[PDB]
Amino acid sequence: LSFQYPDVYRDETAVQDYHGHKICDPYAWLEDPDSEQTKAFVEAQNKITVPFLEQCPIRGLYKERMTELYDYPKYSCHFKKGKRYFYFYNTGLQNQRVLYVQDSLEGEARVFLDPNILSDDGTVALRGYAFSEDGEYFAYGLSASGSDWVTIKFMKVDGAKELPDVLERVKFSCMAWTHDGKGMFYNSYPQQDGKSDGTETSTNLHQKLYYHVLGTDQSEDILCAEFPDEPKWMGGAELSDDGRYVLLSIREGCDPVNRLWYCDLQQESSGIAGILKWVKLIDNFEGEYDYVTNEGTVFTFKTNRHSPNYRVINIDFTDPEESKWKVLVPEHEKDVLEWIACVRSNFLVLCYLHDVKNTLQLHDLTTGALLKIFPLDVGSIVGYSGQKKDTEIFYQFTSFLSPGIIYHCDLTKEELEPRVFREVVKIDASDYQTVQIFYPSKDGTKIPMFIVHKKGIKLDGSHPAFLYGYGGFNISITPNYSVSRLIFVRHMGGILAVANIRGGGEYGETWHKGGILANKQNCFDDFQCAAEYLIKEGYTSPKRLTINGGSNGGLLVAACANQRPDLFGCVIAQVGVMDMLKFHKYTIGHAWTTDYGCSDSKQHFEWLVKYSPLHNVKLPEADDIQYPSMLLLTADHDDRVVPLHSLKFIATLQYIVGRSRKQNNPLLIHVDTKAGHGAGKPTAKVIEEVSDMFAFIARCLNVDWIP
């Protein structure tokens, strides 16, 4: 190799006992982000990775092309608040998109909130916001350096006037104004020792629900709900459309279930003055209940209660027993109800997932009957606006081969006419083909996969491929426009693939349950079978195949590298969960035990230890097999998945596998600064990251640039 791996001390005395099973953790010390030892480790690692990537002549070519092609106007849906319209817009290469305001759709827009002026490198980003019911006041969250921590600030909308109000210690928070305009619900965590900036690893427990009265200090905020005996519970508030009820959704973890309590605000003795008079309508974690709208005491919810593909029910608060609920929109046999919104008083907009593609349609609130289908090409809905009081909808559609397009429909009209509102890269979609196939996994289950490539290629195994997966947390991986991936097709001759493996939401809760807990290994088997399909069918060959995933997808590709190193040429794991025995100890990791289990349980430990990437690094038995080239990407403010996961994993890879004489493929990490898990990352950093990724592939697989 062009470089030498850093010295990394092994604490051979570090052992944890798990129900009698001893696990050695010689790099446990990398769990302390503040030590001189850990800082020295990160610096030494970056010092080998950066020259390796930057020496690849493809990196500069890729970066230039990405900078050119990503430079196109990006608009969000318009949305109306009070008498004004708002929308986000990026002129092309701004680090953060900017919020604009206008007095009508025809009116001249002006800047309302520009996050770019809050830093010099675009690393302060918006994270959550809420307008008051009348649209005259505005709360917004700010996150620095990509941390999940939020500071909430406030503006008067008329004149875009900054207000003094500031809320600290906010994380994983609701933002909900009471319709009297007096104040806003939000969540905070109690003060903790050490840092709260995203570089700490401290577990987040005892989240509370507070109410902030506009024009007061945070110290005076009213505590409205707390769960002293249930440190993991998190209670989010929303107001009913008529302003009468606070609905509290209590969550215990990342499971699609919640308790649902309500407070009739008219029944408070003296306004919001302390713990509210909660009525515990649904006081268990057996199902999800997501508020859509109400008409008096009849409340409409999206639910998965006895309905793994989701359905719409009405619960009457005056007769709340489950036998009495009405099924407004029954469950479909295969299509998953993703979300539903009430608009124009008595319409419902329903978004379904049909074989991993979105559909959109309009239903009647009173009967649930279908009224109108909104035609879409094959792709995803990634934005929507239209509240109960609104008389129009906007929605944003995206696909693999065309950028986002915004549609508008005036719902006041007899003849409903969905029309293009905003359409914008100077890329010919006709040069590419997209297909969806279904391949059998190990157990026979058919798994969907999308494949995108240049039209007319020969399936002779000669092409480099980029195979992406996630597989968890009920997240569905649906088509989206990616300039970075298309550059790999056009300028590196590549084939793109996304495998819709189990654990995701693509086929509802049964699909999710097929990739969790004792069945987590299904995710990895599904993904390995996707690779085998691409190889058998002649799209690629193992030495030419790159796999990529982020977060739970980082776990995916890391486990696959350990289990089938022969199947892959290159692995890029972004912000991955690698220590499956300790993940629950840090920040919000406790919430993930609903998908993974927890090593505190003897039963769950036996699942986890079999696939935990950190614990399954092993030299391939066969002399002709080495590990694939591997690149781990993380950042120093990733407080979602603390970076120790990647630090410990790369130390282990370099020691166990990197020292072997047969290992010639590099095993590298890069740890970025002023960045976190990914949300809110500035454009400049996104461009650098994708350039790093495709330079790694180019160098490791010796791929030529195609001008």
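One rule holds for the numbers: they count along the sequence shown, beginning at 1.
Q: Please classify the coordinate gap between residue 424 and residue 425 in terms of deposited residues: none, 1 to 3, 4 to 9, or 10 or more.
A: In the deposited sequence, 1 to 3 residues between these two have no coordinates.
Q: What size is the break between residue 161 and residue 162 in terms of deposited sequence residues left without coordinates: none, 1 to 3, 4 to 9, or 10 or more?
A: None; the chain is continuous from residue 161 to residue 162.
Q: With reference to the PDB entry, specify whether the mean Cα temperature factor is higher for 339-347 or for 454-462.
A: Averaged over C-alpha atoms, the B-factors run higher in 454-462.
Q: Of the two stretches 656-664 and 673-681, which shows the higher Cα B-factor on average in the entry?
A: If you average the C-alpha B-factors of 656-664 and of 673-681, the larger mean comes out for 656-664.
Q: Sorting 55, 46, 646, 38 by Cα temperature factor from the record, which one lands on top?
A: Going by the entry's C-alpha B-factors, 55 comes out highest.
Q: Please pick out which of 126, 429, 315, 496 has the largest Cα B-factor as recorded in the entry.
A: Checking the PDB record, the top C-alpha B-factor among 126, 429, 315, 496 is at 429.
Q: Ranking every modelled residue in this chain by its Cα temperature factor as given in the entry, which third contains residue 525?
A: Its C-alpha B-factor belongs to the lowest third of this chain's values.
Q: Would you please rank residue 507 by its C-alpha temperature factor against the other modelled residues of its chain and give the third it falls in: lowest, middle or highest?
A: Middle third by C-alpha B-factor.
Q: Ordered by C-alpha B-factor within the chain, which third holds residue 15? Give me lowest, middle or highest, please.
A: CA B-factor rank for residue 15: highest third.
Q: Going by the entry, which third of its chain does the Cα temperature factor of residue 219 land in?
A: Answer is highest: the recorded C-alpha B-factor places it there.
Q: C-alpha B factor of residue 324, ranked within the chain: lowest, middle or highest third?
A: It belongs to the highest third of the chain when residues are ordered by C-alpha B-factor.
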